[PDB]
């Protein structure tokens, strides 16, 4: 499925931290491009240990399945290196990084119309996935990548992409799912087999809360035990600072999975906010 990239064409330059059972690097890929031109392309490299075989199989099946659905708001995966003791996803490098970090670094000096445009773009990406009956399963602001900043002179909005799904919550340890409250929905805390398209509607609500809160993490003051009580008592998140999206957040974060609205309906709701 994935184009094989040879270790000899990959240069690792900078460590960018960790994901869930991944190590992330900035690097360069040497390749033959359009018209035969030789390029040194900036890439994002995600390294999984082959020994974690269940995790690696989950991670790469998810990246493969989404890359079969080419879309302007979905990250470009170039290929994989079965680099011996490690399996490496080679991805496009996105200039401005993850959205939660971007919002923090700009001190939430971001107007509501910018947030609405990013929300709409994410909703259109999710509508495409819903129409394709593909579950992402880890929608969050860390997995929103900022390709382009707003340009006030041209009127161009920011432009985002949704990153790869990562290891499925159906195979992750339960302690990890609990830490991931309130992105993982209540039905998946009850049973990870309840993963469904409805899951992404809940997580989309949590992601909107992140966007409206300038990149704060909801329930960050709560440990895992208190995160369970949060769901037990069936609380909702507080209205974010930018409260314009509070109703849509609450409508998406519906404890009844079957009541969560379609992404088509979400897009219409976003459009109605003037």
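Residue numbers count along the first chain shown, from 1.
Student: Read off the CA B-factors in the entry, average them over 84-92 and over 157-165, and name the higher stretch.
Tutor: That would be 84-92.
Student: Would 118-126 or 93-101 have the larger average of its C-alpha temperature factors, as given in the entry?
Tutor: If you average the C-alpha B-factors of 118-126 and of 93-101, the larger mean comes out for 93-101.
Student: In terms of CA temperature factor as recorded, identify the highest of 248, 222, 45, 212.
Tutor: Result of the comparison over 248, 222, 45, 212: 222.
Student: For the C-alpha B-factor as written in the entry, point me to the maximum among 175, 131, 187, 200.
Tutor: Comparing C-alpha B-factors across 175, 131, 187, 200, the maximum falls on 175.
Student: Which third of the chain holds residue 194 when residues are ordered by C-alpha B factor: lowest, middle or highest?
Tutor: It belongs to the highest third of the chain when residues are ordered by C-alpha B-factor.
Student: How does residue 77 rank on Cα B-factor within its chain, lowest, middle or highest third?
Tutor: Middle third by C-alpha B-factor.
Student: Sorting the chain's CA B-factors, does residue 15 end up in the lowest, middle or highest third?
Tutor: For residue 15, the deposited C-alpha B-factor lands in the highest third.
Student: Looking at the C-alpha B-factor of residue 63, is it in the lowest, middle or highest third of its chain?
Tutor: For residue 63, whose C-alpha B-factor we compare with every modelled residue in the chain, the answer is the middle third.
Student: Can you tell me which third, lowest, middle or highest, the CA B-factor of residue 41 falls into for its chain?
Tutor: According to the entry, residue 41 has a C-alpha B-factor in the chain's middle third.
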